[PDB]
2 protein chains.
Amino acid sequence: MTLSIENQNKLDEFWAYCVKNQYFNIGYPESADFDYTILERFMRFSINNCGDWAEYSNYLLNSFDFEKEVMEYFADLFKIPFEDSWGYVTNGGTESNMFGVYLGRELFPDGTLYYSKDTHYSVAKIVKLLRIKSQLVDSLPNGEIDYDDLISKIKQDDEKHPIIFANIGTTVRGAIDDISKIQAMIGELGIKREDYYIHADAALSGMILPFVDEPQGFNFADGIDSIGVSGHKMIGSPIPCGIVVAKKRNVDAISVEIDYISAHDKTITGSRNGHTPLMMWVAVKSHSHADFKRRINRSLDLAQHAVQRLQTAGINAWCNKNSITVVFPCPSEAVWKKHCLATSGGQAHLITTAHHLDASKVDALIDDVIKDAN
Amino acid sequence: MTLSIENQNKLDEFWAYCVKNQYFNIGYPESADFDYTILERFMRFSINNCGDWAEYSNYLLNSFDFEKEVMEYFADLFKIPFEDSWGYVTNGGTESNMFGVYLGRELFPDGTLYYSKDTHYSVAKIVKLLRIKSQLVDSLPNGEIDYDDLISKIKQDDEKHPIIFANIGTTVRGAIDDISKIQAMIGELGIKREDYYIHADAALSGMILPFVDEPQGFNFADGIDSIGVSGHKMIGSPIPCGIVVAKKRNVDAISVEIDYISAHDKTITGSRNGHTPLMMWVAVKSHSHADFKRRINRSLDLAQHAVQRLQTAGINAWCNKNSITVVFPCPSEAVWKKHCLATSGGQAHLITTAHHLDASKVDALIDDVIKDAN
């Protein structure tokens, strides 16, 4: 057989729909200014990065030496010597975060996982999947974790080994949980650093903060144990993917052997995407530190523009420090559909993703928020 | 920046390595005879199938209506009315199986997961991740679950709600756990069908058995609760992917709400690959039932050829019914490297994947097994 006429039509219509909507995104963190055209040809091959990219595989069609270099870039970016690091290119921020929490769970099998009300909905999936003890913590108006509530809940639960789910760039508000304060305050309770775990969900901001003048704490020199990043968010990718980076010591200290059945490796999947490593590899070797910094200055300037524009009219719009997420009150159903917006907590936002080369699509969105605030 | 000379070299070398090794695979189940060239162009777009494909998403660049049709094909293929089915195109057989066991765990939170010694190593990951009660069961020489040991362990544990991990096509031996016998024998213990769960790991054989004259039990009419399939195995895919199909009743009966944080959907990931649905869609609409049957007759004839060839010399080589996995004793280190072979239990195998248009690469492999058996 070959594709019927009806089914070639369906694909060809979808092409036109994609071409039409290629740059629709104003409301979500996925940046659409990427060109991986030189990699399309590799869709000829059954590539499979099953297993650890640091070990041999008889499945010859793999991109391990590309994955190795991506993990070198991220180890350097996040200030962990490569040889002390462990991680891999995953199927997304969720898998990365799932790995981080799993590692924490295996180090502290009775530790409570603490997470703010502004934590990404994916954490409900991770908590149910992993059968991990969890405790909701309050949020500041900001979207940052209520530090005082966190410490008060830790003391109350008499928790010896807290597992901190640290939001580095909240979905709704672009808040960054202060890990310097969290560690000082837990220290002040007489819990030693070696006796607890901090995982950074940096899905979006993990590829913002390294390119900014005054970064909050987010990396290994700032005391995190593991971090997750979404490849399709700030960098841009046709296919969702993630990076997870953890401490080799932590990954070695855990044992994924069952009665009679081993896993040869510490990965949390089987067969792995070998194309998203190539894609994350061309992204990271075709952009310098200075190029990434320009993209992020443009995204920040544009967020600033959007705040002023809404502030100069009668709208309470605000943006956290080093954020490209601009928050304003939820407008009517007509507006949040027409512009394809994430809405929540009587707030909506827009995100100055790098495919906004100019301020026009943003400006059109604001004007419609103003018209609707009358 | 642009790619340096050193880095364009690396990519271009890898192209030559892929072209060289495109069809290397004799030892693994991934079939490499696929042509998705008409889809390469869609790598222009940030497609993301985040959420359930049956519900609306304001993330416009998604392939939901393609995913819907793939799940229609699989519901029909596996003999479950579409409206009684739930599932999605996943990141692989592992995610699919993880979902199946999760569903079983949420229905029977104290059920033991029973699995044979021939169960795929991925099940150790699923069991540790999911903190599920598990019990190893013995294997027959065949690679089938020791049915008598299973029933004896169930009675002994006084298990009221067993969770059967049914291997439909063992990795090493191509064994198929008989689900007719399992259900009759557990019935004989006075456990009612509604009070336990059976998940089919059909990673390879899930797209063999539907195209064969005398299929073993594997589908919803044969009494399974859920099934997983690897898209990159029998069908063929440049990127690993999976299908999971479950009963809507089972998926509705479970609740992925945490304190304050919901998940809008029952999927076990966040951002989802929207390209592998398109790929599984062209596979399934560009091959008829008769085309898939020819590919599988050719793979079976070729497995039969390989058995005879090794049997006519002094080699104990065998292949289970409806299998394309040919088992023979482990040859020396020189052979299993040179041919990129999975080895285990003093046995190795070869797999008659559909990119073996002729018997030559197979014949070369046998001849080297014979030379080495002297």
# chains A, B, ... in the order shown; residues from 1 in each chain; ligands from 1
call {"tool": "select_by_dssp", "arguments": {"residues": "range 133-272 of chain A", "states": "strand (DSSP E or B)", "output": "PyMOL selection string"}}
result
chain A and resi 134-137+139+145+163-168+176+197-201+226-230+242-247
call {"tool": "closest_residue", "arguments": {"among": "A:367, A:69, A:333, A:252", "to": "residue 313 in chain A", "atoms": "only C-alpha atoms"}}
result
A:367
call {"tool": "residues_around", "arguments": {"residues": "residue 78 in chain B", "least_positions_apart": "6", "cutoff": "12 Å", "atoms": "only C-alpha atoms", "output": "PyMOL selection string"}}
result
chain B and resi 71-72+84-85+200+202+206-211+215+217-229+243-247
call {"tool": "residues_around", "arguments": {"residues": "residue 137 in chain B", "least_positions_apart": "5", "cutoff": "8 Å", "atoms": "only C-alpha atoms", "output": "PyMOL selection string"}}
result
chain B and resi 114-117+145-146+149-150+153
call {"tool": "write_last_selection", "arguments": {"atoms": "N, CA, C and O atoms", "output": "PDB file, in the first residue's frame"}}
result
ATOM      1  N   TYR B 114       3.632 -10.320  39.982  1.00  0.00           N
ATOM      2  CA  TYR B 114       4.298 -11.603  39.668  1.00  0.00           C
ATOM      3  C   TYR B 114       4.887 -11.459  38.262  1.00  0.00           C
ATOM      4  O   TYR B 114       4.203 -10.976  37.328  1.00  0.00           O
ATOM      5  N   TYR B 115       6.139 -11.867  38.116  1.00  0.00           N
ATOM      6  CA  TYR B 115       6.892 -11.804  36.840  1.00  0.00           C
ATOM      7  C   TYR B 115       7.925 -12.946  36.794  1.00  0.00           C
ATOM      8  O   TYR B 115       8.564 -13.231  37.817  1.00  0.00           O
ATOM      9  N   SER B 116       8.079 -13.567  35.618  1.00  0.00           N
ATOM     10  CA  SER B 116       9.024 -14.688  35.338  1.00  0.00           C
ATOM     11  C   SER B 116      10.463 -14.178  35.303  1.00  0.00           C
ATOM     12  O   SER B 116      10.681 -12.982  35.108  1.00  0.00           O
ATOM     13  N   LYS B 117      11.408 -15.097  35.474  1.00  0.00           N
ATOM     14  CA  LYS B 117      12.875 -14.861  35.358  1.00  0.00           C
ATOM     15  C   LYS B 117      13.253 -14.401  33.941  1.00  0.00           C
ATOM     16  O   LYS B 117      14.399 -13.955  33.760  1.00  0.00           O
ATOM     17  N   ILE B 145       6.637 -18.473  31.733  1.00  0.00           N
ATOM     18  CA  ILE B 145       6.460 -18.459  33.206  1.00  0.00           C
ATOM     19  C   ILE B 145       6.098 -19.885  33.650  1.00  0.00           C
ATOM     20  O   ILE B 145       5.254 -20.530  32.973  1.00  0.00           O
ATOM     21  N   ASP B 146       6.761 -20.369  34.706  1.00  0.00           N
ATOM     22  CA  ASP B 146       6.400 -21.633  35.390  1.00  0.00           C
ATOM     23  C   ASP B 146       5.036 -21.413  36.051  1.00  0.00           C
ATOM     24  O   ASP B 146       4.975 -20.888  37.188  1.00  0.00           O
ATOM     25  N   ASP B 149       4.510 -22.873  39.542  1.00  0.00           N
ATOM     26  CA  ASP B 149       5.192 -22.066  40.582  1.00  0.00           C
ATOM     27  C   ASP B 149       4.378 -20.792  40.877  1.00  0.00           C
ATOM     28  O   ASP B 149       4.405 -20.307  42.028  1.00  0.00           O
ATOM     29  N   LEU B 150       3.720 -20.243  39.856  1.00  0.00           N
ATOM     30  CA  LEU B 150       2.975 -18.977  39.974  1.00  0.00           C
ATOM     31  C   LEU B 150       1.812 -19.224  40.924  1.00  0.00           C
ATOM     32  O   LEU B 150       1.624 -18.429  41.879  1.00  0.00           O
ATOM     33  N   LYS B 153       2.850 -19.939  44.488  1.00  0.00           N
ATOM     34  CA  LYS B 153       3.286 -18.714  45.214  1.00  0.00           C
ATOM     35  C   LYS B 153       2.054 -17.891  45.575  1.00  0.00           C
ATOM     36  O   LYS B 153       1.998 -17.395  46.714  1.00  0.00           O
TER      37      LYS B 153
END
call {"tool": "residues_around", "arguments": {"residues": "range 26-38 of chain B", "least_positions_apart": "4", "cutoff": "8 Å", "atoms": "only C-alpha atoms", "output": "ChimeraX atom specification"}}
result
/A:43-46,59 /B:22,204,232-237,279,282-283,339-342,349-355,361-362
call {"tool": "select_by_dssp", "arguments": {"residues": "range 207-337 of chain B", "states": "alpha helix (DSSP H)", "output": "JSON, numbers by chain"}}
result
{"B": [248, 249, 250, 251, 252, 275, 276, 277, 278, 279, 280, 281, 282, 283, 284, 285, 286, 289, 290, 291, 292, 293, 294, 295, 296, 297, 298, 299, 300, 301, 302, 303, 304, 305, 306, 307, 308, 309, 310, 311, 312, 333, 334, 335, 336, 337]}
call {"tool": "closest_residue", "arguments": {"among": "B:12, B:292, B:76, B:125", "to": "residue 99 in chain A", "atoms": "only C-alpha atoms"}}
result
B:125
call {"tool": "closest_residue", "arguments": {"among": "A:156, A:161, A:148, A:275", "to": "residue 112 in chain A", "atoms": "only C-alpha atoms"}}
result
A:161
call {"tool": "closest_residue", "arguments": {"among": "A:189, A:101, A:5, A:268", "to": "chain B", "atoms": "only C-alpha atoms"}}
result
A:268
call {"tool": "atom_distance", "arguments": {"atom1": "CA of residue 304 in chain B", "atom2": "CA of residue 144 in chain B"}}
result
20.2 Å
call {"tool": "closest_residue", "arguments": {"among": "A:256, A:319, A:203, A:302", "to": "residue 363 in chain A", "atoms": "only C-alpha atoms"}}
result
A:302
call {"tool": "residues_around", "arguments": {"residues": "residue 331 in chain B", "least_positions_apart": "3", "cutoff": "7 Å", "atoms": "only C-alpha atoms", "output": "JSON, numbers by chain"}}
result
{"B": [335, 336, 369, 372]}
call {"tool": "write_last_selection", "arguments": {"atoms": "C-alpha atoms", "output": "compact mmCIF listing (two decimals), in the first residue's frame"}}
result
# COMPACT_ATOMS: atom_id res chain seq x y z
CA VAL B 335 31.62 -13.91 17.57
CA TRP B 336 29.15 -12.04 19.87
CA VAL B 369 28.57 -19.83 14.82
CA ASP B 372 33.20 -21.36 16.32
call {"tool": "decode", "arguments": {"residues": "range 158-290 of chain A", "atoms": "C-alpha atoms", "output": "PDB file, in the first residue's frame"}}
result
ATOM      1  CA  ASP A 158      10.380  16.379  63.293  1.00  0.00           C
ATOM      2  CA  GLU A 159      11.736  15.594  59.732  1.00  0.00           C
ATOM      3  CA  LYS A 160      15.469  14.606  59.913  1.00  0.00           C
ATOM      4  CA  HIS A 161      15.964  14.276  56.070  1.00  0.00           C
ATOM      5  CA  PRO A 162      13.786  16.785  54.114  1.00  0.00           C
ATOM      6  CA  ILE A 163      13.641  16.460  50.285  1.00  0.00           C
ATOM      7  CA  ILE A 164      13.265  20.005  48.884  1.00  0.00           C
ATOM      8  CA  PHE A 165      11.557  20.313  45.489  1.00  0.00           C
ATOM      9  CA  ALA A 166      13.000  23.793  44.628  1.00  0.00           C
ATOM     10  CA  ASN A 167      11.084  25.633  41.840  1.00  0.00           C
ATOM     11  CA  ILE A 168      13.726  27.513  39.752  1.00  0.00           C
ATOM     12  CA  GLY A 169      11.166  29.395  37.565  1.00  0.00           C
ATOM     13  CA  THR A 170       7.523  28.767  38.580  1.00  0.00           C
ATOM     14  CA  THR A 171       5.179  27.978  35.635  1.00  0.00           C
ATOM     15  CA  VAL A 172       2.563  30.695  36.377  1.00  0.00           C
ATOM     16  CA  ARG A 173       4.641  33.533  38.020  1.00  0.00           C
ATOM     17  CA  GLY A 174       8.298  32.830  37.112  1.00  0.00           C
ATOM     18  CA  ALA A 175       9.224  32.731  40.852  1.00  0.00           C
ATOM     19  CA  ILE A 176      12.631  31.354  41.947  1.00  0.00           C
ATOM     20  CA  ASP A 177      12.735  29.520  45.345  1.00  0.00           C
ATOM     21  CA  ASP A 178      15.838  31.018  47.107  1.00  0.00           C
ATOM     22  CA  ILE A 179      18.089  27.969  47.774  1.00  0.00           C
ATOM     23  CA  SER A 180      20.649  30.107  49.714  1.00  0.00           C
ATOM     24  CA  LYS A 181      17.884  31.062  52.215  1.00  0.00           C
ATOM     25  CA  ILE A 182      16.391  27.489  52.264  1.00  0.00           C
ATOM     26  CA  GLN A 183      19.869  26.006  53.122  1.00  0.00           C
ATOM     27  CA  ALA A 184      20.737  28.733  55.763  1.00  0.00           C
ATOM     28  CA  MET A 185      17.270  28.331  57.441  1.00  0.00           C
ATOM     29  CA  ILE A 186      17.388  24.481  57.499  1.00  0.00           C
ATOM     30  CA  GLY A 187      21.015  24.782  58.787  1.00  0.00           C
ATOM     31  CA  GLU A 188      19.561  27.066  61.552  1.00  0.00           C
ATOM     32  CA  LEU A 189      17.314  24.031  62.539  1.00  0.00           C
ATOM     33  CA  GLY A 190      20.493  21.923  63.089  1.00  0.00           C
ATOM     34  CA  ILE A 191      20.005  19.694  59.963  1.00  0.00           C
ATOM     35  CA  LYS A 192      23.462  19.157  58.333  1.00  0.00           C
ATOM     36  CA  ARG A 193      23.672  19.618  54.503  1.00  0.00           C
ATOM     37  CA  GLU A 194      24.734  15.899  53.987  1.00  0.00           C
ATOM     38  CA  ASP A 195      21.502  14.738  55.706  1.00  0.00           C
ATOM     39  CA  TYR A 196      19.020  16.251  53.174  1.00  0.00           C
ATOM     40  CA  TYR A 197      18.394  16.650  49.413  1.00  0.00           C
ATOM     41  CA  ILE A 198      17.534  19.639  47.133  1.00  0.00           C
ATOM     42  CA  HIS A 199      16.258  19.093  43.556  1.00  0.00           C
ATOM     43  CA  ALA A 200      16.010  22.134  41.192  1.00  0.00           C
ATOM     44  CA  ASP A 201      13.079  22.067  38.729  1.00  0.00           C
ATOM     45  CA  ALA A 202      14.669  24.589  36.307  1.00  0.00           C
ATOM     46  CA  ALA A 203      12.546  23.502  33.272  1.00  0.00           C
ATOM     47  CA  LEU A 204      12.574  27.070  31.754  1.00  0.00           C
ATOM     48  CA  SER A 205      15.033  29.163  33.860  1.00  0.00           C
ATOM     49  CA  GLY A 206      17.839  26.515  33.800  1.00  0.00           C
ATOM     50  CA  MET A 207      18.836  28.039  30.372  1.00  0.00           C
ATOM     51  CA  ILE A 208      18.086  31.681  31.463  1.00  0.00           C
ATOM     52  CA  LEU A 209      20.029  32.110  34.729  1.00  0.00           C
ATOM     53  CA  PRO A 210      23.455  31.036  33.272  1.00  0.00           C
ATOM     54  CA  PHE A 211      23.306  33.983  30.752  1.00  0.00           C
ATOM     55  CA  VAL A 212      22.178  36.749  33.167  1.00  0.00           C
ATOM     56  CA  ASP A 213      24.227  39.328  35.230  1.00  0.00           C
ATOM     57  CA  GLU A 214      22.743  38.618  38.749  1.00  0.00           C
ATOM     58  CA  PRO A 215      21.546  34.976  38.843  1.00  0.00           C
ATOM     59  CA  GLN A 216      19.708  33.621  41.898  1.00  0.00           C
ATOM     60  CA  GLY A 217      21.197  30.345  43.288  1.00  0.00           C
ATOM     61  CA  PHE A 218      20.370  27.366  41.002  1.00  0.00           C
ATOM     62  CA  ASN A 219      23.584  25.373  40.270  1.00  0.00           C
ATOM     63  CA  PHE A 220      25.980  22.890  41.935  1.00  0.00           C
ATOM     64  CA  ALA A 221      28.273  25.677  43.350  1.00  0.00           C
ATOM     65  CA  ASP A 222      25.042  27.121  44.949  1.00  0.00           C
ATOM     66  CA  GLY A 223      24.499  23.716  46.702  1.00  0.00           C
ATOM     67  CA  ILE A 224      21.757  21.856  44.640  1.00  0.00           C
ATOM     68  CA  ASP A 225      22.028  18.009  44.478  1.00  0.00           C
ATOM     69  CA  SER A 226      20.336  17.622  41.026  1.00  0.00           C
ATOM     70  CA  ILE A 227      18.650  19.827  38.360  1.00  0.00           C
ATOM     71  CA  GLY A 228      16.151  19.243  35.502  1.00  0.00           C
ATOM     72  CA  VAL A 229      15.834  21.428  32.309  1.00  0.00           C
ATOM     73  CA  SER A 230      13.322  21.117  29.367  1.00  0.00           C
ATOM     74  CA  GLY A 231      15.220  21.201  26.001  1.00  0.00           C
ATOM     75  CA  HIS A 232      12.091  22.437  24.140  1.00  0.00           C
ATOM     76  CA  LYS A 233      11.615  25.458  26.403  1.00  0.00           C
ATOM     77  CA  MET A 234      14.323  28.095  26.352  1.00  0.00           C
ATOM     78  CA  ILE A 235      16.712  26.423  23.807  1.00  0.00           C
ATOM     79  CA  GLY A 236      13.905  25.215  21.465  1.00  0.00           C
ATOM     80  CA  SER A 237      13.263  21.725  20.004  1.00  0.00           C
ATOM     81  CA  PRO A 238      10.779  20.205  17.537  1.00  0.00           C
ATOM     82  CA  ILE A 239      10.526  17.214  19.996  1.00  0.00           C
ATOM     83  CA  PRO A 240      10.233  17.595  23.796  1.00  0.00           C
ATOM     84  CA  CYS A 241      13.408  16.543  25.664  1.00  0.00           C
ATOM     85  CA  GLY A 242      15.228  17.240  28.950  1.00  0.00           C
ATOM     86  CA  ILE A 243      18.579  17.300  30.722  1.00  0.00           C
ATOM     87  CA  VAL A 244      19.062  15.925  34.236  1.00  0.00           C
ATOM     88  CA  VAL A 245      22.405  16.446  36.018  1.00  0.00           C
ATOM     89  CA  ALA A 246      23.025  14.782  39.436  1.00  0.00           C
ATOM     90  CA  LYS A 247      26.061  13.975  41.651  1.00  0.00           C
ATOM     91  CA  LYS A 248      27.816  10.709  40.615  1.00  0.00           C
ATOM     92  CA  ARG A 249      28.296   9.909  44.380  1.00  0.00           C
ATOM     93  CA  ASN A 250      24.477   9.989  44.850  1.00  0.00           C
ATOM     94  CA  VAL A 251      23.789   7.870  41.710  1.00  0.00           C
ATOM     95  CA  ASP A 252      26.534   5.267  42.709  1.00  0.00           C
ATOM     96  CA  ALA A 253      25.074   5.074  46.294  1.00  0.00           C
ATOM     97  CA  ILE A 254      21.744   3.637  44.931  1.00  0.00           C
ATOM     98  CA  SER A 255      21.012   0.092  43.655  1.00  0.00           C
ATOM     99  CA  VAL A 256      18.426  -0.675  40.853  1.00  0.00           C
ATOM    100  CA  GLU A 257      18.821  -4.526  41.269  1.00  0.00           C
ATOM    101  CA  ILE A 258      15.545  -6.544  41.813  1.00  0.00           C
ATOM    102  CA  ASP A 259      15.365 -10.287  42.846  1.00  0.00           C
ATOM    103  CA  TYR A 260      17.329 -11.959  39.921  1.00  0.00           C
ATOM    104  CA  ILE A 261      16.687  -9.021  37.448  1.00  0.00           C
ATOM    105  CA  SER A 262      19.349  -6.236  37.303  1.00  0.00           C
ATOM    106  CA  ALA A 263      19.211  -3.046  35.256  1.00  0.00           C
ATOM    107  CA  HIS A 264      22.665  -2.627  33.555  1.00  0.00           C
ATOM    108  CA  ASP A 265      22.163   1.193  34.108  1.00  0.00           C
ATOM    109  CA  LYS A 266      20.727   3.967  36.358  1.00  0.00           C
ATOM    110  CA  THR A 267      18.503   5.535  33.617  1.00  0.00           C
ATOM    111  CA  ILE A 268      14.718   5.535  34.295  1.00  0.00           C
ATOM    112  CA  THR A 269      13.666   4.516  30.721  1.00  0.00           C
ATOM    113  CA  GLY A 270      14.621   1.733  28.262  1.00  0.00           C
ATOM    114  CA  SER A 271      15.081   2.684  24.618  1.00  0.00           C
ATOM    115  CA  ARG A 272      16.131   6.421  24.524  1.00  0.00           C
ATOM    116  CA  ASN A 273      15.697   9.131  21.843  1.00  0.00           C
ATOM    117  CA  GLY A 274      19.096   9.455  20.082  1.00  0.00           C
ATOM    118  CA  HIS A 275      17.936  12.419  17.869  1.00  0.00           C
ATOM    119  CA  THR A 276      17.208  14.952  20.715  1.00  0.00           C
ATOM    120  CA  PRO A 277      20.843  14.562  21.900  1.00  0.00           C
ATOM    121  CA  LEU A 278      21.969  15.554  18.336  1.00  0.00           C
ATOM    122  CA  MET A 279      19.501  18.488  18.411  1.00  0.00           C
ATOM    123  CA  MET A 280      20.678  19.662  21.898  1.00  0.00           C
ATOM    124  CA  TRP A 281      24.270  19.180  20.578  1.00  0.00           C
ATOM    125  CA  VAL A 282      23.832  21.455  17.485  1.00  0.00           C
ATOM    126  CA  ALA A 283      21.962  24.065  19.740  1.00  0.00           C
ATOM    127  CA  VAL A 284      24.833  24.172  22.242  1.00  0.00           C
ATOM    128  CA  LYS A 285      27.769  24.089  19.680  1.00  0.00           C
ATOM    129  CA  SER A 286      26.084  26.585  17.223  1.00  0.00           C
ATOM    130  CA  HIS A 287      25.333  29.176  20.007  1.00  0.00           C
ATOM    131  CA  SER A 288      28.175  30.798  22.056  1.00  0.00           C
ATOM    132  CA  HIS A 289      27.643  32.058  25.648  1.00  0.00           C
ATOM    133  CA  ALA A 290      27.328  35.606  24.096  1.00  0.00           C
TER     134      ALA A 290
END
